[PDB]
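Q: I would like to see how this sequence folds:
(chains A, B, C and D, ligands or ions: 3)
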Amino acid sequence: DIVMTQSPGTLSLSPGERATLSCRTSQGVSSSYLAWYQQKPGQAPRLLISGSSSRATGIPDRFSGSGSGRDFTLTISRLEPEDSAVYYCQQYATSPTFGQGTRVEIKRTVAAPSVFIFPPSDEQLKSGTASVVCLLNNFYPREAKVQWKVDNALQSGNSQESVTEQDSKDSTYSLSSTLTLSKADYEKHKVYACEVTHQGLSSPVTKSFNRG
Amino acid sequence: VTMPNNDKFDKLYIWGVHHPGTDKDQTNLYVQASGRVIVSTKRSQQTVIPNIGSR
Amino acid sequence: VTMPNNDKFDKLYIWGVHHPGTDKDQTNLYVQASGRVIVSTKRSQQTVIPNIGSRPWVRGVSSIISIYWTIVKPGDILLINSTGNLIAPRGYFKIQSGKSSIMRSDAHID
Amino acid sequence: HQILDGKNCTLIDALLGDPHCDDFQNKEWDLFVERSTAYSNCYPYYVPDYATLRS
Ligand SMILES: *[C@@H]1O[C@H](CO)[C@@H](O[C@@H]2O[C@H](CO)[C@@H](O[C@H]3O[C@H](CO[C@H]4O[C@H](CO)[C@@H](O)[C@H](O)[C@@H]4O)[C@@H](O)[C@H](O[C@H]4O[C@H](CO)[C@@H](O)[C@H](O)[C@@H]4O[C@H]4O[C@H](CO)[C@@H](O)[C@H](O)[C@@H]4O)[C@@H]3O)[C@H](O)[C@H]2NC(C)=O)[C@H](O)[C@H]1NC(C)=O
Ligand SMILES: *[C@@H]1O[C@H](CO)[C@@H](O[C@@H]2O[C@H](CO)[C@@H](O[C@@H]3O[C@H](CO[C@H]4O[C@H](CO)[C@@H](O)[C@H](O)[C@@H]4O)[C@@H](O)[C@H](O[C@H]4O[C@H](CO)[C@@H](O)[C@H](O)[C@@H]4O)[C@@H]3O)[C@H](O)[C@H]2NC(C)=O)[C@H](O)[C@H]1NC(C)=O
Ligand SMILES: *[C@@H]1O[C@H](CO)[C@@H](O[C@@H]2O[C@H](CO)[C@@H](O[C@@H]3O[C@H](CO)[C@@H](O)[C@H](O[C@H]4O[C@H](CO)[C@@H](O)[C@H](O)[C@@H]4O)[C@@H]3O)[C@H](O)[C@H]2NC(C)=O)[C@H](O)[C@H]1NC(C)=O
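A: Numbering: from 1, shown residues only, chains lettered A, B, ... in the order given. Ligands and ions are numbered 1, 2, ... in the order given. Below is the structure in question.
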């Protein structure tokens, strides 16, 4: 069973730079039976390389393939914001096996989050639930802190969140935080705030609404 | 042609030799007349002479 | 030549190949120079190349015959392609298996 | 123990790559089971040392 080990786990480089990805195999694999794939969040894998160095139809020449035996390489000569994806190696000398993947991040000039806050709708509140939303929009890096305050009191154990993957055109991230209270608990309080800490902020940002 | 074993395990190579029914069949598939197959290693030696004849 | 086995039992064909002492002996007995003997079935394959050369003198002869055997199953067919040097089979032995053996002894049977 | 039903293939047909044995490519077994119903459907071949190879 040929094991494919990729290096590094995560790679972060700015546009114009060269990316080097490595693949290590448990068996000597002939270089005429090895492929490389690109997978952008939610898409199907795109064949980049086949036969270790043969470029697939519709692939840019900045994508270069190399290697032999157990040591294989993918080189991306000139990074674009569009190259933010996971890369995979595959051997096809025996029944096809693939690597664990390499996540390539494109660097961007530090961007502060455009922060928004949304109250629960009357329609929702009629169900017995009061969910409160906070949006951090178009920022870089992905690291960001979100704190929920109810009458200026830090909540915890109720706040779920998720983040979109790096934008393939502008390389930014966005974050959705959801404070889920009950209607009854929502109605015990009146001040709802979302505090955001981030690299592009010289000081923390707070957005809020009142009522009730 | 050689094929070197640089792995940590033994390789098993399965191969064969074709013996034509006629001499015409020989030269059509392999220009050259009945010749030899020699498969050698540092431990083994395997020579096969093709024998043409109706099967 | 073929010889098809259409009986209910296995046939045993005993045959051989003659290897001459000289090249003159080859061409006198078989015009053609050293050629091949191919005895094939649907299970077996037996190719023999005659090798001409001086052998040990046995009763007038400095040559020798190699003996080979073949079993042909029911539905199988004995097929002999030979370009010469064939010591042909005249037929077959009916071959089975059972309370049958062989022993070496000089004991008097009584 | 992991059983592999040979079905209409023999172990050697599965090895060599007889077209109706493509399902056996790269398979494993603790016990390979040969059926009497098995057949071959490819070029005529002879494996001298058949029994050794199968084993
Ligand atoms: C390759 O190398 C080997 C070894 O060197 C060689 O082999 C030799 O081959 C020759 C011929 O093929 C053979 O010659 C004689 O064979 C008979 C045996 O001679 C032995 O006699 C004793 C046994 O009785 C034994 O102890 C001895 O040690 C001796 O070896 C011998 O009888 C023959 O003689 C008869 O035949 C010739 C014709 O071939 C006649 O010319 C003779 O007169 C004689 O005929 C008479 O008697 C017969 C009845 O016996 C009768 O019918 C006839 O009418 C007449 O009255 C051979 O002279 C050698 O024995 C043999 N040597 C060995 C060691 O095997 C090969 O020949 C070499 N190859 C080549 C191409 O050179
Ligand atoms: C291992 O090997 C065995 C033996 O070779 C295979 O068993 C046969 O498989 C074939 C192919 O699937 C079967 O063919 C089908 O036969 C049906 C009956 O027709 C004859 O069947 C037998 C065998 O010839 C005769 O004895 C009998 O008298 C009939 O005259 C047909 O109804 C089938 O027609 C249609 O079948 C399907 C659609 O349903 C499609 O393939 C076609 O559209 C086709 O027109 C077909 O002809 C055959 O019947 C099998 N034998 C028996 C005895 O049933 C195994 O398939 C093979 N593989 C395993 C076991 O995995
Ligand atoms: C296996 O069995 C088959 C059964 O038919 C047998 O096929 C025969 O093969 C011989 C040899 O090739 C054929 O004979 C040839 O036919 C013509 C004229 O007879 C010629 O092409 C050949 O003559 C050659 O002889 C010269 C002297 O050296 C050569 O220098 C020159 O190249 C000539 O071409 C030869 O005689 C024969 O026709 C077929 N039979 C049939 C029915 O087709 C085959 O030989 C067997 N295998 C063996 C014996 O190994």
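Q: could you count how many residues lie near residue 10?
A: You didn't pick a chain, so chain A it is. Residue A:10: 10 surrounding residues under other C-beta atoms under 10 Å in any protein chain shown. In short, each C-beta sits where N, CA and C put it, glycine included.
Q: correction: the question concerned chain D.
A: When neighbours are counted by other C-beta under 10 Å, residue D:10 registers 19.
Q: what distance do you get for the spatially most central residue of chain D to chain B?
A: What sits nearest the mean C-alpha location of chain D, by C-alpha atoms, centre = their mean, is residue D:11, with 2.1 Å. To chain B, residue D:11 is 12 Å away according to C-beta to the nearest C-beta, to the nearest Å.
Q: what about residue D:28, neighbour count?
A: Neighbour count of residue D:28, defined by other C-beta under 10 Å: 8.
Q: would you mind giving the secondary structure of it?
A: Assigned with DSSP: H, G, I helix; E, B strand; the rest coil, residue D:28 falls in the coil class.
Q: hang on, the earlier thing: the residue nearest to the centre of chain D against residue D:51, yeah?
A: No. Using C-beta atoms under 8 Å, residue D:11 is not in contact with residue D:51, being 10.9 Å away.
Q: what about the residue of chain A found nearest chain B, which SS state?
A: Relative to chain B, the nearest point of chain A is residue A:28 (5.4 Å; C-beta to the nearest C-beta). Here residue A:28 is recorded as strand under three-state DSSP.
Q: that one: how many residues sit nearby?
A: 17.
Q: roughly how far apart are it and ligand 3?
A: Applying C-beta to the nearest ligand atom, to the nearest Å, the value for residue A:28 to ligand 3 is 44 Å.
Q: before we move on, what about residue A:113?
A: The value you get for residue A:113 to ligand 3, if C-beta to the nearest ligand atom is used, is 88 Å.
Q: check what contacts whichever strand or helix holds residue D:4 and list those residues.
A: If you go by DSSP states H and E, residue D:4 is part of strand D:3-5. The contact list for strand D:3-5, computed with C-beta atoms under 8 Å, 6 or more residues apart in numbering or on different chains, reads D:24, D:27, D:28, D:29, D:30, D:31, D:32, D:33, D:35.
Q: and after that strand, which helix or strand comes next?
A: Heading C-terminal from strand D:3-5, the first helix or strand you meet, by DSSP H and E, is helix D:11-16.
Q: wait, residue A:36 sits on residue A:90?
A: Yes. Between residue A:36 and residue A:90 there is a contact under C-beta under 8 Å: 7.4 Å.
Q: which one's more surrounded, the two?
A: Higher neighbour count among residue A:36 and residue A:90: residue A:36, with 29 against 20, using other C-beta under 10 Å.
Q: can you pull the contacts of the more buried one?
A: Contacts of residue A:36 (C-beta under 8 Å, 6+ apart): A:47, A:48, A:49, A:63, A:65, A:74, A:87, A:88, A:89, A:90.
Q: strands paired with the host helix or strand of residue A:132, and their directions?
A: In the assignment (DSSP H and E), residue A:132 maps to strand A:129-139. Here strand A:129-139 is paired, per DSSP bridges, with strand A:114-118 (antiparallel), strand A:173-182 (antiparallel).
Q: ok, how many other residues are close to the spatially closest residue to residue D:2 that is not a sequence neighbour?
A: Excluding the flanking residues, the one nearest residue D:2 by C-beta to C-beta, 6 or more residues apart in numbering or on different chains is residue D:30, at 4.1 Å. When counting by other C-beta under 10 Å, one arrives at 8 neighbours for residue D:30.
Q: look up phi and psi at residue D:30.
A: The phi and psi values for residue D:30, taken as degrees, to the nearest 10, are phi -80, psi -30.
Q: what residues are up against it?
A: D:1, D:2, D:3.
Q: show me how far stretch B:16-23 is from its chain's centre.
A: 11 Å (C-alpha atoms, centre = their mean, to the nearest Å).
Q: now do the strands in chain B.
A: In chain B, the strands defined using DSSP state E lie at B:37-40, B:45-48.
Q: these: which one's closest to chain D?
A: Closest to chain D of these is strand B:45-48 (C-beta to the nearest C-beta; 10.0 Å).
Q: and that closest one, what does it pack against?
A: For strand B:45-48, the packing partners by 3 or more C-beta pairs under 8 Å, 6 or more residues apart in numbering or on different chains; DSSP states H and E come out as strand B:37-40.
Q: is any residue of the strand it packs on near chain C?
A: No. Using C-beta under 8 Å from any C-beta of the partner chain, strand B:37-40 never reaches chain C; the gap is at least 14.0 Å.
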